[PDB]
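Presented below, as structure tokens, is a lone chain in the form deposited in one PDB entry.
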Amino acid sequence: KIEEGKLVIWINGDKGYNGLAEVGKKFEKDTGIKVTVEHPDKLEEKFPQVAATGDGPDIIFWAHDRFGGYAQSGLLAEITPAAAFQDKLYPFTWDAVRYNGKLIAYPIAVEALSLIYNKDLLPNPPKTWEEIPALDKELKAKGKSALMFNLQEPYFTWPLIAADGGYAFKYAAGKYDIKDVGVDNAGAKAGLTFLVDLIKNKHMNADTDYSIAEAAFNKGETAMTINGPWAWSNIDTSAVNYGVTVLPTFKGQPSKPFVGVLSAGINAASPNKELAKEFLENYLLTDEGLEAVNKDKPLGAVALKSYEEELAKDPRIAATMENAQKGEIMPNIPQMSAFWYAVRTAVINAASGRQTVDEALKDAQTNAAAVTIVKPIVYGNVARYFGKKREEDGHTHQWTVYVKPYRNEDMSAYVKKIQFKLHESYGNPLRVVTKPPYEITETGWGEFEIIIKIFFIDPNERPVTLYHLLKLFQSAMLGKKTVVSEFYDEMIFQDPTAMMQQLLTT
């Protein structure tokens, strides 16, 4: 469970979590409510896996692209900012956090990648990707390199891939078409081919990650990096005099960075929704709160009009907005995680020779379009100990073995029947339930494996089989209290029929 009377906030370790901690103390000084800020690794993965079972933080911070998928999986409370509060942020930022006409997060700040150049090593930054090899040669002469950035995260390579016609999903008729992916067009191939040729020609190194690229640029070892506003603090700390500028063009085209809106969502499972609204609207999303975060790690172009205007004069923020303007706002649709996973695969493989560009992107094109629907379920048994052992048969317990949907939905929409196979010591051990609740009540003396087979109204949709050890004895101060052994799992429907997609989606 999420502890009440406290706020737990998750934010990525590249963002100003110390400055958020300061807003945290401010909130605690005022309200007596303890705020704890954590930066767990792979939180874009950790939040959905914990929040699935109603655990994790009260507040989750990530780029808005993940939030449609979070809200789709029921992981987010719809936020209730008054009209007055909405006027204080840019309408553009609210759009990034609107899924199915519902606001599902508080926008914080607009992030785009820029080219970051050591002004000493390189007074005049390259206007093109193409001139970079010749620059890395002139610089390899002096024991330097031209360019190092994170090749492990497709976010950083995507601007190049998008430059000559790569796209995620083509927007049309007021929605993104998840069948029309632009990952394996001539544009996308030319961009990823150029990245691969930079590696093959030792202008760059395929294992270069965030830490290596950053550490390299901040020690003055590499003339350029590609990174977002958050990276500026560590460069400020370093001796490096740096410019933030427009990304190089590729084949004469602007590099097109995916534009993220750093967004703050409230956990659906939070007992502290009012406290999270208070903290976000009235402490964080103020000039004082954003300054406290921004001075730790720059946010970019903040959603809050008042503070955006104060910061707008900074040329690093103008370059960010220039790159953003050449880029595309990321969709927030659930399919973005599939797209990102697919392109991470293609870029890493291609970059490390494991695949060619054409294989990698052909694979990524198919993976980015792959519809995966998730039905979270709970299954197991409740078992109530009788007053005393019935001697007739020797049974000690009444038990119910069950499968139910995790979230209160109508499982019968797509489930035709659930079969529970009991031990041979039961007559008609193959018990079938065609209608909810999907459960069998029985009496017995023993624990045995029950096999549970779930059937779908589309019979082509392969049945799911579960294994449950019926439990009667937990063994623990609980006495006549009903013993519980239930488990959360997720049923996964990969590219199901439109019939099945319809019943699977309420």
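The term rigid core refers to the maximal set of C-alpha atoms that superpose within 1.5 Å between the two forms. For every residue, the number given is its place in the sequence shown, counted from 1.
Same protein, other form: the form deposited in another entry, not shown, and the subject of what follows.
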Identify which of 203, 256, 297, 397 has its C-alpha displaced by 2 Å or more between the shown form and the other one once the rigid core is superposed.
397
Taking the rigid core as the reference frame, tell me whether residue 21 has a CA displacement of 2 angstroms or more between the shown form and the other one.
no
Core superposition between the shown form and the other one, C-alpha change of residue 216 at least 2 Å
no
Is_shifted residue 40 between the shown form and the other one (CA, 2 Å cut-off, rigid core)
no
